[PDB]
>>> print(open('input_14.cif').read())   # mmCIF, C-alpha atoms
data_structure
#
loop_
_atom_site.group_PDB
_atom_site.id
_atom_site.type_symbol
_atom_site.label_atom_id
_atom_site.label_comp_id
_atom_site.auth_asym_id
_atom_site.auth_seq_id
_atom_site.Cartn_x
_atom_site.Cartn_y
_atom_site.Cartn_z
ATOM 1 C CA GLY C 2 5.705 23.803 43.825
ATOM 2 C CA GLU C 3 6.202 20.384 42.264
ATOM 3 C CA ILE C 4 3.769 21.134 39.426
ATOM 4 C CA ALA C 5 5.481 24.403 38.485
ATOM 5 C CA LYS C 6 8.865 22.650 38.734
ATOM 6 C CA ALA C 7 7.719 19.944 36.318
ATOM 7 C CA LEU C 8 6.367 22.545 33.905
ATOM 8 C CA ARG C 9 9.760 24.288 34.008
ATOM 9 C CA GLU C 10 11.399 20.931 33.110
ATOM 10 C CA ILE C 11 9.117 20.754 30.083
ATOM 11 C CA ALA C 12 10.247 24.246 29.049
ATOM 12 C CA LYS C 13 13.907 23.303 29.551
ATOM 13 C CA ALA C 14 13.506 20.239 27.326
ATOM 14 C CA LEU C 15 11.903 22.381 24.632
ATOM 15 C CA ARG C 16 14.824 24.853 24.782
ATOM 16 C CA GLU C 17 17.069 21.810 24.314
ATOM 17 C CA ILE C 18 15.074 20.913 21.185
ATOM 18 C CA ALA C 19 15.320 24.519 19.960
ATOM 19 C CA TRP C 20 19.115 24.483 20.311
ATOM 20 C CA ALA C 21 19.309 21.386 18.128
ATOM 21 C CA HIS C 22 16.834 22.907 15.658
ATOM 22 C CA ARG C 23 19.081 25.966 15.262
ATOM 23 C CA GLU C 24 22.040 23.625 14.625
ATOM 24 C CA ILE C 25 20.042 21.951 11.860
ATOM 25 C CA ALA C 26 19.158 25.340 10.329
ATOM 26 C CA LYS C 27 22.853 26.239 10.283
ATOM 27 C CA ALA C 28 23.683 22.820 8.827
ATOM 28 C CA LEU C 29 21.352 23.330 5.876
ATOM 29 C CA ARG C 30 22.950 26.723 5.185
ATOM 30 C CA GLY D 2 1.813 13.993 43.213
ATOM 31 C CA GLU D 3 0.385 12.054 40.278
ATOM 32 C CA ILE D 4 -0.045 15.199 38.170
ATOM 33 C CA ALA D 5 3.527 16.380 38.799
ATOM 34 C CA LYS D 6 4.861 12.885 38.026
ATOM 35 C CA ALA D 7 3.002 12.797 34.713
ATOM 36 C CA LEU D 8 4.309 16.237 33.787
ATOM 37 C CA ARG D 9 7.820 14.966 34.501
ATOM 38 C CA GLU D 10 7.156 12.062 32.093
ATOM 39 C CA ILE D 11 6.270 14.623 29.441
ATOM 40 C CA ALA D 12 9.630 16.374 30.027
ATOM 41 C CA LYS D 13 11.461 13.038 29.868
ATOM 42 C CA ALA D 14 9.860 12.194 26.517
ATOM 43 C CA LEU D 15 10.838 15.603 25.160
ATOM 44 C CA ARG D 16 14.437 14.943 26.270
ATOM 45 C CA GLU D 17 14.292 11.716 24.241
ATOM 46 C CA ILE D 18 13.233 13.759 21.257
ATOM 47 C CA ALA D 19 16.034 16.284 21.866
ATOM 48 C CA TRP D 20 18.615 13.469 21.951
ATOM 49 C CA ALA D 21 17.404 12.145 18.594
ATOM 50 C CA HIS D 22 17.316 15.706 17.264
ATOM 51 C CA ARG D 23 20.970 16.208 18.189
ATOM 52 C CA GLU D 24 21.786 12.931 16.415
ATOM 53 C CA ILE D 25 20.092 14.259 13.290
ATOM 54 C CA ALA D 26 22.041 17.524 13.530
ATOM 55 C CA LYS D 27 25.317 15.563 13.739
ATOM 56 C CA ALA D 28 24.362 13.410 10.752
ATOM 57 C CA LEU D 29 23.685 16.484 8.624
ATOM 58 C CA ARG D 30 27.122 17.804 9.605
ATOM 59 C CA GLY J 2 -7.069 10.620 38.405
ATOM 60 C CA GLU J 3 -8.462 11.470 34.983
ATOM 61 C CA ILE J 4 -6.215 14.533 34.564
ATOM 62 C CA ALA J 5 -3.054 12.607 35.463
ATOM 63 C CA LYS J 6 -4.110 9.741 33.155
ATOM 64 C CA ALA J 7 -4.567 12.175 30.240
ATOM 65 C CA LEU J 8 -1.173 13.738 30.922
ATOM 66 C CA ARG J 9 0.408 10.248 30.835
ATOM 67 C CA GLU J 10 -1.313 9.758 27.458
ATOM 68 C CA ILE J 11 0.410 12.956 26.265
ATOM 69 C CA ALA J 12 3.741 11.587 27.514
ATOM 70 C CA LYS J 13 3.209 8.265 25.730
ATOM 71 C CA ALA J 14 2.339 10.023 22.466
ATOM 72 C CA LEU J 15 5.590 11.962 22.727
ATOM 73 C CA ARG J 16 7.428 8.677 23.292
ATOM 74 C CA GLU J 17 5.867 7.468 20.011
ATOM 75 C CA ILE J 18 7.191 10.564 18.276
ATOM 76 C CA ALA J 19 10.631 9.932 19.832
ATOM 77 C CA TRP J 20 10.700 6.369 18.432
ATOM 78 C CA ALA J 21 9.928 7.620 14.945
ATOM 79 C CA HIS J 22 12.532 10.389 15.382
ATOM 80 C CA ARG J 23 15.155 7.765 16.170
ATOM 81 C CA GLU J 24 14.070 5.881 13.032
ATOM 82 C CA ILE J 25 14.716 9.038 10.997
ATOM 83 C CA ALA J 26 18.142 9.499 12.628
ATOM 84 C CA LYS J 27 19.017 5.904 11.708
ATOM 85 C CA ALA J 28 17.812 6.456 8.156
ATOM 86 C CA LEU J 29 19.949 9.604 7.817
ATOM 87 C CA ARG J 30 22.979 7.897 9.386
ATOM 88 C CA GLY I 2 -14.181 16.281 32.952
ATOM 89 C CA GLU I 3 -13.772 19.010 30.358
ATOM 90 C CA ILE I 4 -10.108 19.569 31.246
ATOM 91 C CA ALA I 5 -9.271 15.848 31.090
ATOM 92 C CA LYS I 6 -11.115 15.543 27.765
ATOM 93 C CA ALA I 7 -9.136 18.430 26.255
ATOM 94 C CA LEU I 8 -5.872 16.885 27.462
ATOM 95 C CA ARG I 9 -6.870 13.632 25.742
ATOM 96 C CA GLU I 10 -7.444 15.607 22.524
ATOM 97 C CA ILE I 11 -3.882 16.946 22.843
ATOM 98 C CA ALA I 12 -2.673 13.336 23.169
ATOM 99 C CA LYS I 13 -4.698 12.247 20.134
ATOM 100 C CA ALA I 14 -3.269 15.058 17.975
ATOM 101 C CA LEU I 15 0.238 14.044 19.028
ATOM 102 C CA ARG I 16 -0.553 10.455 17.965
ATOM 103 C CA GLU I 17 -1.570 11.880 14.556
ATOM 104 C CA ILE I 18 1.810 13.587 14.383
ATOM 105 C CA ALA I 19 3.554 10.323 15.350
ATOM 106 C CA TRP I 20 1.746 8.443 12.562
ATOM 107 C CA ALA I 21 2.915 10.978 9.983
ATOM 108 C CA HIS I 22 6.443 10.853 11.473
ATOM 109 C CA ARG I 23 6.542 7.076 10.967
ATOM 110 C CA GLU I 24 5.400 7.620 7.358
ATOM 111 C CA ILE I 25 8.330 10.000 6.867
ATOM 112 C CA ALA I 26 10.689 7.384 8.325
ATOM 113 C CA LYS I 27 9.298 4.844 5.830
ATOM 114 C CA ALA I 28 9.883 7.305 2.981
ATOM 115 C CA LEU I 29 13.507 7.773 4.062
ATOM 116 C CA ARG I 30 14.177 4.020 4.161
ATOM 117 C CA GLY M 2 -14.260 26.785 30.992
ATOM 118 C CA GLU M 3 -11.479 29.100 29.855
ATOM 119 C CA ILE M 4 -8.794 26.562 30.776
ATOM 120 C CA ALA M 5 -10.452 23.723 28.861
ATOM 121 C CA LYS M 6 -11.054 26.024 25.883
ATOM 122 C CA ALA M 7 -7.385 27.028 25.806
ATOM 123 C CA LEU M 8 -6.314 23.374 25.982
ATOM 124 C CA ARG M 9 -8.594 22.639 23.017
ATOM 125 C CA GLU M 10 -6.814 25.456 21.129
ATOM 126 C CA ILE M 11 -3.556 23.669 21.845
ATOM 127 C CA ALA M 12 -4.959 20.405 20.489
ATOM 128 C CA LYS M 13 -6.236 22.137 17.345
ATOM 129 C CA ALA M 14 -2.852 23.785 16.705
ATOM 130 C CA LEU M 15 -1.281 20.332 16.975
ATOM 131 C CA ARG M 16 -3.831 19.021 14.476
ATOM 132 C CA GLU M 17 -2.654 21.808 12.120
ATOM 133 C CA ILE M 18 0.903 20.582 12.547
ATOM 134 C CA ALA M 19 -0.186 17.006 11.847
ATOM 135 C CA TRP M 20 -1.809 18.072 8.554
ATOM 136 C CA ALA M 21 1.373 19.805 7.426
ATOM 137 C CA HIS M 22 3.394 16.784 8.568
ATOM 138 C CA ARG M 23 1.260 14.543 6.365
ATOM 139 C CA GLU M 24 1.869 16.959 3.491
ATOM 140 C CA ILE M 25 5.623 16.551 4.039
ATOM 141 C CA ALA M 26 5.271 12.742 4.077
ATOM 142 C CA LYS M 27 3.347 12.852 0.788
ATOM 143 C CA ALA M 28 5.995 15.055 -0.827
ATOM 144 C CA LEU M 29 8.868 12.751 0.201
ATOM 145 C CA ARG M 30 7.031 9.754 -1.261
ATOM 146 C CA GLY M 31 6.099 11.626 -4.420
ATOM 147 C CA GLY X 2 -7.097 34.140 34.025
ATOM 148 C CA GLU X 3 -3.310 34.078 33.820
ATOM 149 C CA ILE X 4 -3.224 30.279 33.443
ATOM 150 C CA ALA X 5 -5.718 30.253 30.564
ATOM 151 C CA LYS X 6 -3.893 33.190 28.953
ATOM 152 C CA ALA X 7 -0.563 31.352 29.117
ATOM 153 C CA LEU X 8 -2.169 28.232 27.621
ATOM 154 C CA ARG X 9 -3.445 30.376 24.746
ATOM 155 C CA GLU X 10 0.129 31.632 24.230
ATOM 156 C CA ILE X 11 1.234 28.007 23.920
ATOM 157 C CA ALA X 12 -1.473 27.480 21.270
ATOM 158 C CA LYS X 13 -0.379 30.586 19.380
ATOM 159 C CA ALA X 14 3.256 29.469 19.352
ATOM 160 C CA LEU X 15 2.181 26.101 17.967
ATOM 161 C CA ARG X 16 0.216 27.860 15.217
ATOM 162 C CA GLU X 17 3.452 29.719 14.330
ATOM 163 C CA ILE X 18 5.184 26.356 14.061
ATOM 164 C CA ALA X 19 2.361 25.013 11.859
ATOM 165 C CA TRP X 20 2.735 28.041 9.547
ATOM 166 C CA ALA X 21 6.445 27.367 9.100
ATOM 167 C CA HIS X 22 5.704 23.661 8.644
ATOM 168 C CA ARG X 23 3.305 24.420 5.803
ATOM 169 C CA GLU X 24 6.000 26.605 4.227
ATOM 170 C CA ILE X 25 8.403 23.652 4.371
ATOM 171 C CA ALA X 26 5.822 21.364 2.714
ATOM 172 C CA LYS X 27 5.462 23.928 -0.075
ATOM 173 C CA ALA X 28 9.260 24.158 -0.395
ATOM 174 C CA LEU X 29 9.540 20.393 -0.881
ATOM 175 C CA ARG X 30 6.816 20.561 -3.534
ATOM 176 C CA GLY K 2 1.668 32.793 39.713
ATOM 177 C CA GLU K 3 4.427 30.195 39.464
ATOM 178 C CA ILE K 4 2.329 27.846 37.325
ATOM 179 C CA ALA K 5 1.389 30.613 34.862
ATOM 180 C CA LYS K 6 5.032 31.773 34.689
ATOM 181 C CA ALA K 7 6.121 28.207 33.895
ATOM 182 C CA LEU K 8 3.480 27.893 31.189
ATOM 183 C CA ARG K 9 4.783 31.158 29.696
ATOM 184 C CA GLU K 10 8.318 29.623 29.641
ATOM 185 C CA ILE K 11 6.884 26.727 27.648
ATOM 186 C CA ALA K 12 5.264 29.178 25.245
ATOM 187 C CA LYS K 13 8.509 31.115 24.778
ATOM 188 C CA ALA K 14 10.479 27.902 24.136
ATOM 189 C CA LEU K 15 7.960 27.007 21.423
ATOM 190 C CA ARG K 16 8.466 30.477 19.920
ATOM 191 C CA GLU K 17 12.220 29.699 19.852
ATOM 192 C CA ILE K 18 11.393 26.530 17.947
ATOM 193 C CA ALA K 19 9.128 28.472 15.562
ATOM 194 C CA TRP K 20 11.957 30.894 14.727
ATOM 195 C CA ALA K 21 14.348 28.035 13.986
ATOM 196 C CA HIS K 22 11.617 26.322 11.940
ATOM 197 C CA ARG K 23 11.238 29.457 9.814
ATOM 198 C CA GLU K 24 15.016 29.505 9.296
ATOM 199 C CA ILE K 25 14.828 25.928 8.000
ATOM 200 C CA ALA K 26 12.013 26.854 5.602
ATOM 201 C CA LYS K 27 14.095 29.774 4.335
ATOM 202 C CA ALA K 28 17.140 27.532 3.925
ATOM 203 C CA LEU K 29 15.163 25.085 1.803
ATOM 204 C CA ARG K 30 14.190 27.960 -0.501
ATOM 205 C CA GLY K 31 17.340 30.099 -0.405
#
>>> encode(input="input_14.cif", output="structure tokens")
Amino acid sequence: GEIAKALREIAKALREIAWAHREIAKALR
Amino acid sequence: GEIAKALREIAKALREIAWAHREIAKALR
Amino acid sequence: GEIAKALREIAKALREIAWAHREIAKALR
Amino acid sequence: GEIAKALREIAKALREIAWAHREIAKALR
Amino acid sequence: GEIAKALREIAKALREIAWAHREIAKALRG
Amino acid sequence: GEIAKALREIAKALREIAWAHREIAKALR
Amino acid sequence: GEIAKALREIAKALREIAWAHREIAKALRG
């Protein structure tokens, strides 16, 4: 469904943010 | 659908945030 | 619809956050 | 509707976050 | 409804984040 | 319901984020 | 359901963010 697909896009974007957030954590260490 | 379209706008905004977040990670490195 | 309108409000708020996030990236760069 | 109202509260909280994020950007400049 | 109640929990958690975010802004100014 | 339960999981994850965010505010102080 | 599964993916992604956020807090102290 289009609604479920859009919700999965939201999750994918958040995993993108999490990847960057882990890079920042490594950067500070 | 209007609901699915709006949910896709939410994902698009989060991708904007992820792009800026990657820029911040690069700056710290 | 009211639900779609509220979801677009969520998207716009995230676009506000993205603007500020870019401002932080510029400040750090 | 109750669901639409709750979604608007999510949007309002995100606008609170955006305001604070702009304050952080000001601090960094 | 259970769905509306859960969405209000989401909004409240975001309001918690906003409070902490304001605390961070205050610290960076102070 | 499974949808309400999943929404509560989203809320719980955000409360985890808020906890860490408060720890960061304390760290800066 | 597909919608509930997708919402659970969102929740898990936020838990990924929470873990990374805790690592940042630790880094600022350690």
>>> resolve_selection(input="input_14.cif", expression="the PyMOL selection byres ((chain X and resi 3-16) around 6)", output="PyMOL selection string")
(chain M and resi 3-4+7+10-11+14) or (chain X and resi 2+17-19) or (chain K and resi 5+8-9+12+15-16)
>>> resolve_selection(input="input_14.cif", expression="the PyMOL selection byres ((chain J and resi 25) around 8)", output="PyMOL selection string")
(chain D and resi 25) or (chain J and resi 21-24+26-29) or (chain I and resi 25-26+29)
>>> atom_distance(input="input_14.cif", atom1="CA of residue 30 (chain M)", atom2="CA of residue 20 (chain C)")
28.8 Å
>>> atom_distance(input="input_14.cif", atom1="CA of residue 27 (chain M)", atom2="CA of residue 30 (chain X)")
9.5 Å
>>> axis_aligned_box(input="input_14.cif", around="region 3-9 of chain J", padding_each_side="5 Å", output="lines of an AutoDock Vina configuration file")
center_x = -4.0
center_y = 12.1
center_z = 32.9
size_x = 18.9
size_y = 14.8
size_z = 15.2
>>> atom_distance(input="input_14.cif", atom1="CA of residue 2 (chain M)", atom2="CA of residue 17 (chain M)")
22.7 Å
>>> closest_residue(input="input_14.cif", among="M:26, M:6, M:18, M:13", to="chain K", atoms="only C-alpha atoms")
M:18
>>> decode(input="input_14.cif", residues="chain J", atoms="N, CA and C atoms", output="tab-separated table (two decimals), in the first residue's frame")
chain	number	residue	atom	x	y	z
J	2	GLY	N	-8.23	16.99	3.58
J	2	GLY	CA	-8.66	16.37	4.82
J	2	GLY	C	-7.88	16.84	6.03
J	3	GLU	N	-8.49	16.78	7.20
J	3	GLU	CA	-7.84	17.28	8.41
J	3	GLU	C	-6.61	16.47	8.78
J	4	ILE	N	-6.65	15.16	8.54
J	4	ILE	CA	-5.50	14.31	8.88
J	4	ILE	C	-4.32	14.61	7.95
J	5	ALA	N	-4.59	14.69	6.65
J	5	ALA	CA	-3.54	15.06	5.70
J	5	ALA	C	-2.98	16.46	6.00
J	6	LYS	N	-3.84	17.41	6.35
J	6	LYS	CA	-3.37	18.77	6.66
J	6	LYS	C	-2.43	18.76	7.86
J	7	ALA	N	-2.76	17.97	8.88
J	7	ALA	CA	-1.93	17.88	10.08
J	7	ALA	C	-0.59	17.23	9.77
J	8	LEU	N	-0.61	16.21	8.92
J	8	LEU	CA	0.63	15.58	8.49
J	8	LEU	C	1.52	16.55	7.70
J	9	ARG	N	0.92	17.42	6.89
J	9	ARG	CA	1.70	18.43	6.16
J	9	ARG	C	2.29	19.47	7.12
J	10	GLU	N	1.60	19.72	8.23
J	10	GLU	CA	2.11	20.58	9.29
J	10	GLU	C	3.34	19.96	9.96
J	11	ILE	N	3.31	18.64	10.14
J	11	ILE	CA	4.46	17.90	10.66
J	11	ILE	C	5.64	18.03	9.69
J	12	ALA	N	5.36	17.88	8.40
J	12	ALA	CA	6.41	17.99	7.39
J	12	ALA	C	7.03	19.38	7.39
J	13	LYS	N	6.19	20.41	7.50
J	13	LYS	CA	6.68	21.78	7.48
J	13	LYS	C	7.53	22.06	8.72
J	14	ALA	N	7.12	21.52	9.87
J	14	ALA	CA	7.92	21.72	11.08
J	14	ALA	C	9.30	21.08	10.92
J	15	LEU	N	9.34	19.93	10.28
J	15	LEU	CA	10.63	19.28	10.03
J	15	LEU	C	11.47	20.09	9.05
J	16	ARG	N	10.82	20.76	8.10
J	16	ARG	CA	11.56	21.63	7.19
J	16	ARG	C	12.11	22.85	7.94
J	17	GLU	N	11.42	23.30	8.99
J	17	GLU	CA	11.99	24.36	9.85
J	17	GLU	C	13.25	23.85	10.54
J	18	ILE	N	13.17	22.64	11.07
J	18	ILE	CA	14.31	22.06	11.78
J	18	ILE	C	15.48	21.93	10.79
J	19	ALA	N	15.19	21.51	9.56
J	19	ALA	CA	16.24	21.35	8.55
J	19	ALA	C	16.94	22.67	8.24
J	20	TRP	N	16.18	23.77	8.19
J	20	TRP	CA	16.77	25.09	7.94
J	20	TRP	C	17.76	25.46	9.04
J	21	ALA	N	17.33	25.26	10.28
J	21	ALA	CA	18.18	25.55	11.42
J	21	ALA	C	19.40	24.63	11.42
J	22	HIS	N	19.22	23.39	10.97
J	22	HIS	CA	20.32	22.42	10.96
J	22	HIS	C	21.37	22.85	9.94
J	23	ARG	N	20.91	23.39	8.82
J	23	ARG	CA	21.83	23.94	7.83
J	23	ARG	C	22.56	25.16	8.40
J	24	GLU	N	21.87	25.97	9.21
J	24	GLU	CA	22.52	27.12	9.83
J	24	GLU	C	23.64	26.66	10.76
J	25	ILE	N	23.41	25.57	11.49
J	25	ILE	CA	24.45	25.02	12.37
J	25	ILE	C	25.64	24.49	11.56
J	26	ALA	N	25.36	23.79	10.46
J	26	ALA	CA	26.42	23.30	9.58
J	26	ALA	C	27.27	24.45	9.06
J	27	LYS	N	26.63	25.54	8.65
J	27	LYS	CA	27.35	26.72	8.18
J	27	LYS	C	28.19	27.33	9.29
J	28	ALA	N	27.63	27.38	10.50
J	28	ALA	CA	28.37	27.92	11.63
J	28	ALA	C	29.61	27.07	11.93
J	29	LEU	N	29.47	25.75	11.85
J	29	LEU	CA	30.59	24.86	12.14
J	29	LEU	C	31.62	24.81	11.01
J	30	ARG	N	31.19	25.13	9.79
J	30	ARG	CA	32.08	25.17	8.64
J	30	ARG	C	32.68	26.55	8.45
